[PDB]
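Residue numbers (PDB author numbering), protein chains in the order written: chain P, 1 to 49; chain O, 1 to 240; chain K, 2 to 52; chain S, 9 to 76; chain N, 1 to 380; chain C, 165 to 218; chain U, 2 to 61; chain R, 1 to 76; chain Q, 10 to 110. Positions of the beta carbon are idealized from the N, C-alpha and C atoms, including for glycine. Heads up, the thing below is written out as structure tokens.
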Amino acid sequence: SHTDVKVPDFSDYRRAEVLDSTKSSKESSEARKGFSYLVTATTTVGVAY
Amino acid sequence: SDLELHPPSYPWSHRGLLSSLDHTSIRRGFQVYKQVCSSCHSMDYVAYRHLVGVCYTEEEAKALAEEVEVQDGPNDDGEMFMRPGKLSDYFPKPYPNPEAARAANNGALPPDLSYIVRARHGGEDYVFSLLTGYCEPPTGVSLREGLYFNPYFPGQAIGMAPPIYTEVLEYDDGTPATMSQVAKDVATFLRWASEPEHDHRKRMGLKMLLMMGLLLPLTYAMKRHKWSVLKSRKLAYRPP
Amino acid sequence: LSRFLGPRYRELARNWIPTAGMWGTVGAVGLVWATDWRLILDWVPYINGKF
Amino acid sequence: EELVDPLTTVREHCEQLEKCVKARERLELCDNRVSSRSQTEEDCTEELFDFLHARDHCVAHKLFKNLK
Amino acid sequence: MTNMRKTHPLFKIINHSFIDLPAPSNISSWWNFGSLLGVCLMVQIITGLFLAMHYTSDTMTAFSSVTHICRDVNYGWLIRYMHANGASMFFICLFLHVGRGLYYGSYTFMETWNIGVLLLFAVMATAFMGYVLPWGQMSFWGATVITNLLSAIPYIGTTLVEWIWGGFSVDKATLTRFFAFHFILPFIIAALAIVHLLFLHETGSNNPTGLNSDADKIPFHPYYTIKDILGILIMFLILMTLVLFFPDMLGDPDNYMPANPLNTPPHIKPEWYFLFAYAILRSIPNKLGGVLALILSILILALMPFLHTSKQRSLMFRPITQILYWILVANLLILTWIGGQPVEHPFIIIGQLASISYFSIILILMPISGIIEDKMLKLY
Amino acid sequence: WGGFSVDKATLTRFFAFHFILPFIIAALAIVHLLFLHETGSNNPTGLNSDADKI
Amino acid sequence: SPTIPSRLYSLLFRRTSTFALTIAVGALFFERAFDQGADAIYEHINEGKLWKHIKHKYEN
Amino acid sequence: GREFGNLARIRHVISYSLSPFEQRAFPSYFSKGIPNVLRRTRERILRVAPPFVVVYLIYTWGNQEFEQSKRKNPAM
Amino acid sequence: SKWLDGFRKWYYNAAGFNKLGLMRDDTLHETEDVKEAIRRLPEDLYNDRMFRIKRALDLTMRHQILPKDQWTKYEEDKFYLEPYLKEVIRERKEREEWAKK
Ligand SMILES: CCCCCCCCCCCCCCCCCC(=O)OC[C@H](COP(=O)(O)OCCN)OC(=O)CCCCCCCCCCCCCCCCC
Ligand code: HEC
Ligand code: HEM
Ligand code: HEM
Ligand code: HEM
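Structure, rendered in structure tokens:
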């Protein structure tokens, strides 16, 4: 049955601010995207230098 | 004999990974080269303008260039003539051709000391051990005229007389001119003459080390961020 | 290489010996002509006049 | 003549060490064996080289702090 | 319609080669190395081009032009030492690329392997003549030694060596034609690398397990894009610390003297990436046999796909042949050490046993080990 | 120029550039052939020659 | 109060052109700051040895 | 194969992945990075290390044999 | 004998493809005969084989192995591809003999 499948637990890999399934997203997605894009931007600044 | 001797490791001020040369020692070593070493050895790839901003000022290096007389020509009637030296002039050769050097130096040719640190094993340690290592020969070793025993020279029979001693010159800054001090100064000057880019090379290496210490974890974080889709992927096989 | 050990492959090899020998003759003549080899061109009669 | 090279002081102080005097006495034995003999073709370059190796290792440990 | 990346005829080649190329997901960092080679090749070309802007191929001024580059050109010392240490880095990456191909069974891609062997020959010739180019003592004497070993060939060797020399010895004509050939060969190397990539993309690439990776394949972008950029950045870290901190740990000091035909050095060696071949040639007490030993060492590296007698491709599940492979790598390290040593006791017998064990491991022991493994795994 | 006028540096860098550009010309000619081979050649009548090709 | 990367994403990191502008401005200020810091570190390691530390005794 | 349209025939295989912005890039990096590295080292050390140990022994022996060969013999 | 069987189990554990869950016949290099024998497999064994290969590639991708209870034990390593491989090999020898004569 296709309803028998379930996504397994990813909580060993998930971030701390998306670990709780009873709270919403979109009040922490901008922080995660800002952290990852800050890493990318600082890498780009170093490569440009 | 074919058996030889390794020079030891000396604690130079430029021996460290990010440690520069001591430019006062290079200035003293240039004075040692001018007053002692320049009568036999040449510096064909080093000019006076290389000393500006390293050991001497513009007017000091210009006075150093003007105190020697160099070759110029031809004039309007095609005759060679002597002129006062300039900043773009290279250091003057003691001999016009190597055969004249061999005739003046008892067959032996004094080499051009522009890469003599980089062309010898041990570097300036070898030069410091050679200049301070003149000793009496042991028993069973017969030595001809014009040859001198030096255990750091290969073959232990060098054609160079010991060129430095105590008060062999007078320093401009009042440093006492012992044999070890003069040898250390001229070894520092020869290391600078072999590698004039040394300080800028180490500064560039420090900047490169700081940029790579910043850039390795950031590029690693970018790679792990992009690969975390695959590295946490779960698989399942559900045959019917 | 025991795949090609049979009567048919021996017949094929026997059939292709003269063509391969003629091509080897072509290659030897071309090598002698291009390198101007003196060990052979000193024996051919009309070629002797250029030496 | 009244001005002292520090290299001489460091050299004699390094000659006052332990294996340096064993190389010294080995070179003395070589010198007495070679010099007090006739019709030989043996030099004492090896023992002299060992003596200078130990002595100059000691000197290169501690010379440049005495130089300005 | 607007999928220009897969409709533009220029852009679809870059797409098919680097963006939508199906690559195995499980390839390790070893698979980075060939990409590094291409980047390193580009670096060499770029540095060489700027080194071609101030170098004169005249025997009276080649050393003078090298000193003028290192002293008077702004950051010319940086360009020269990046060129030399990039040649060393190129040979490091070649050795690791070839070792990956030997270990993981990648030689079954036979056309890619043979184009690689041709590439390796071209790169070795280019680096040899480039080392001749600065016209130091060791450049002239290494060129003289290598051309004499070329003159060991019977009945055509001497005329061929005087044809390559352009005269009686290594001289002006040899240096100028070596500059011309050292300029022109890396572009042929780049074209052969294009052929290399063409054959590999025709056949697909291998994975460390040696299995059919068609079930689990990922796009090259952005995974191996960011992985090879990380590898390029690590390689540039090692190259720039080798340039800016230890510029002379791989070079030789006697190349900092001008070339003197009257004076010979007490010990003549090539650079470190030719030392194993020098030790292989020098071990046999004959001239033609030693030259054939060097040529057939690289030729049995080419001949490697015909010696595979195992039903498994990679060495991941083959421990006996793993032991033999690491003994072979160890033996290559010993040969590299012996090649930098002069001919006294016991270096002759150590190099002779090293070369004998090298040819015995490649030609005899590895297929016998693979047959023993096939017996032990109950295959037949 | 690499200097105040046309001098030794100009000649040496011109030798390097004159050496290296015909290989770039060869690569650009390969791109030229590819961009022609997407569509075939033109004929002197200027018409669609798809009915008569050899 | 929002987190600082959330404000950076809302202002600068959302649009690619503003991302490039932030990268360029950070490149200027990072170049200047790192040049100052690296020069200070190198000169502090090599106090009394460089020419700029000893040139006042010969400027007369 | 050639391209992602047709490489292999796969039936009944389900795979799960998450967004890169929702998982940590270094999820328990040291605590599970150390034992995996020592596990791989225990798998490969007995095949890799002893040839290089033999190289080190041969290198040291050949070097010391060379400096003992350069010395003189007391027979003369 | 029994000592050879024990040493062969030890070599099976030293080979290490059981740690990825692979069988003996999964590790065979795909030659022409091996691809023909794979094409002659039933679809259940074919799907099992390619899931095992995909899982092994995924485990090698993350540089890990299976838990020790999930390893392929020695006495449950069934040679599924071996009779198909024998059929393909024997008919290829028959065709080779016919072309040889
Ligand atoms: C027997 C087991 C090992 C010894 C006892 C220790 C047991 C420890 C048990 C705990 C578990 C440890 C981890 C196990 C991981 C996987 C298994 C493993 O590593 O096995 C040992 C390994 C390979 O063993 P394997 O290949 O299976 O043996 C073939 C024999 N039929 O490796 C070996 O077997 C050892 C290989 C040694 C090779 C020595 C080579 C010497 C010569 C090198 C010369 C190089 C230079 C040559 C120069 C020539 C010219 C001068
Ligand atoms: C004329 C008497 C000289 C004076 C003054 C200086 N040197 Fe010299 N040097 C001279 C000769 C004839 C030779 C060659 C002799 C030989 O046996 O080869 C040399 C050699 C050197 C070397 C090279 C050593 C080597 O291993 O090749 C060096 C490094 C050297 N000399 C240093 C040196 C210095 C620093 C001097 C100034 C104090 C100096 N020499 C003066 C002749 C003469
Ligand atoms: C077409 C591109 C290239 C050009 C124009 C070029 C040009 C030069 C020049 C002018 C020199 C002499 C300057 C010097 O001594 O440093 C040189 C040296 C050298 N080149 Fe190249 N080169 C090129 C590519 C390569 C490649 C691909 C390699 C091999 C990896 C290589 C290996 C060397 C080596 C080993 C030296 C000697 C370095 C030294 O001892 O100083 N070159 N090259
Ligand atoms: C001139 C230097 C070389 C360059 C630039 C080069 C380039 C590449 C590139 C880009 C790849 C694909 C990426 C990779 O798998 O690493 C590759 C793979 C490969 N190369 Fe080379 N290569 C070079 C030398 C060689 C040599 C000398 C050989 C032969 C021994 C060789 C044989 C191979 C093989 C067999 C592969 C396939 C790897 C696999 O799928 O396992 N290459 N090369
Ligand atoms: C570097 C020198 C050049 C080379 C080697 C080159 C090469 C070629 C070749 C091989 C062809 C196909 C055969 C032919 O139709 O003649 C061709 C066609 C063509 N080339 Fe070039 N070309 C060069 C310069 C140019 C230039 C400067 C132009 C632009 C004005 C140009 C535009 C074309 C066009 C439009 C065609 C298509 C011919 C047609 O279908 O009518 N080429 N070229």
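{"Check": "Close Cβ partners of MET129 of chain N (< 7 Å) along its chain, the five nearest in sequence each way excluded", "Outcome": "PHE178, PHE181 and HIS182"}
{"Check": "Proximity test, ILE98 of chain Q beta-carbon vs ligand 5 heavy atom, cut-off 8 Å", "Outcome": "no"}
{"Check": "Whole-angstrom distance between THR174 of chain N and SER139 of chain N, CA atom to CA atom", "Outcome": "12 Å"}
{"Check": "Interface residues of chain R facing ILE146 of chain N [CB-CB closer than 8 Å]", "Outcome": "Those within 8 Å of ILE146 of chain N in chain R number zero; the least Cβ separation is about 26 Å."}
{"Check": "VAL141 of chain O to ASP51 of chain S span [Cα, whole Å]", "Outcome": "6 Å"}
{"Check": "Any C-beta of chain N under 9 Å from that of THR81 of chain Q", "Outcome": "no"}
{"Check": "Distance, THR44 of chain P Cα to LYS33 of chain P Cα", "Outcome": "16 Å"}
{"Check": "Strand pairing of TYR148 of chain O, partner residues [DSSP]", "Outcome": "O:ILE158"}
{"Check": "Opening and closing residue of the beta strand (DSSP E) in which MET82 of chain O lies", "Outcome": "81 to 84"}
{"Check": "Any non-hydrogen atom of ligand 2 within 8 Å of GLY123 of chain O CB", "Outcome": "no"}
{"Check": "Proximity test, Cβ basis, 9 Å: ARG33 of chain Q and chain N", "Outcome": "yes"}
{"Check": "CA-to-CA distance, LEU149 of chain N to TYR90 of chain O, given in whole angstroms", "Outcome": "42 Å"}
{"Check": "Interface positions of the segment 35 to 50 of chain U facing chain O (Cβ-Cβ less than 9 Å), listed along the chain", "Outcome": "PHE35, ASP36, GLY38, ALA39, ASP40, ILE42, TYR43, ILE46, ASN47, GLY49 and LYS50"}
{"Check": "Neighbour list for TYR10 of chain U in chain O, Cβ cutoff strictly below 9 Å", "Outcome": "Chain O residues near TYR10 of chain U: none, gap ~15 Å exceeds 9 Å."}
{"Check": "Cutoff 9 Å: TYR152 of chain O Cβ touching any chain R Cβ", "Outcome": "no"}
{"Check": "Neighbour flag for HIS200 of chain O against chain P, beta carbons, 9 Å", "Outcome": "no"}
{"Check": "C-alpha gap between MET82 of chain N and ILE238 of chain N, whole angstroms", "Outcome": "11 Å"}
{"Check": "Reference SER2 of chain U; option with closest CA among P:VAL39, P:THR42, P:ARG14 and P:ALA31", "Outcome": "P:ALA31"}
{"Check": "Nearest neighbour of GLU54 of chain S, chosen from O:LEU5, O:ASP44, O:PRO240 and O:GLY159 [CA to CA]", "Outcome": "O:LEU5"}
{"Check": "DSSP three-state assignment for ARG2 of chain R, whether helix, strand or coil", "Outcome": "coil"}
{"Check": "Pair within 9 Å by beta-carbon distance, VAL117 of chain N and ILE298 of chain N", "Outcome": "yes"}
{"Check": "DSSP three-state assignment for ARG14 of chain P, whether helix, strand or coil", "Outcome": "strand"}
{"Check": "Beta strand (DSSP E) runs contained entirely in the segment 198 to 241 of chain N, provided each spans 3 or more residues", "Outcome": "217 to 219"}
{"Check": "Sequence-distant residues of its chain with Cβ nearer than 7 Å to residue 408 of chain N (five each side left out)", "Outcome": "Any property of residue 408 of chain N remains undetermined from this structure, which presents chain N solely from 1 to 380."}
{"Check": "Same chain, Cβ closer than 7 Å to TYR171 of chain O, five either side skipped, listed in chain order", "Outcome": "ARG28, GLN31 and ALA177"}
{"Check": "Contact test: residue 382 of chain N Cβ vs ligand 3 heavy atom, cutoff 8 Å", "Outcome": "Not covered by the structure: residue 382 of chain N. The range shown for chain N is 1 to 380."}
{"Check": "Ranges of the alpha helix (DSSP H) found wholly within the segment 22 to 53 of chain Q, counting only runs of at least 4", "Outcome": "41 to 48"}
{"Check": "Inter-stretch contact at 8 Å, needing at least 3 Cβ pairs: the segment 193 to 211 of chain O / the segment 9 to 25 of chain P", "Outcome": "no"}
{"Check": "Beta-carbon neighbours of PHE52 of chain R, restricted to chain N and to distances below 9 Å", "Outcome": "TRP326, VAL329, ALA330 and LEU333"}
{"Check": "Under 9 Å between C-beta atoms of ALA125 of chain N and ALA87 of chain N", "Outcome": "no"}
{"Check": "Whole-Å CB distance - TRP135 of chain N paired with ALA23 of chain N, under 8 Å assumed", "Outcome": "About 45 Å separates the two Cβ atoms, so there is no contact after all."}
{"Check": "Check: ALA84 of chain N C-beta below 8 Å from any heavy atom of ligand 3", "Outcome": "yes"}
{"Check": "C-beta atoms of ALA24 of chain Q and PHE317 of chain N nearer than 9 Å", "Outcome": "yes"}
{"Check": "Close Cβ partners of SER369 of chain N (< 7 Å) along its chain, the five nearest in sequence each way excluded", "Outcome": "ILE320, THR321 and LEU324"}
{"Check": "Reduced DSSP secondary structure (H/G/I, E/B, other) of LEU235 of chain O", "Outcome": "strand"}
{"Check": "Contact under 9 Å by Cβ, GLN73 of chain Q with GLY30 of chain Q", "Outcome": "no"}
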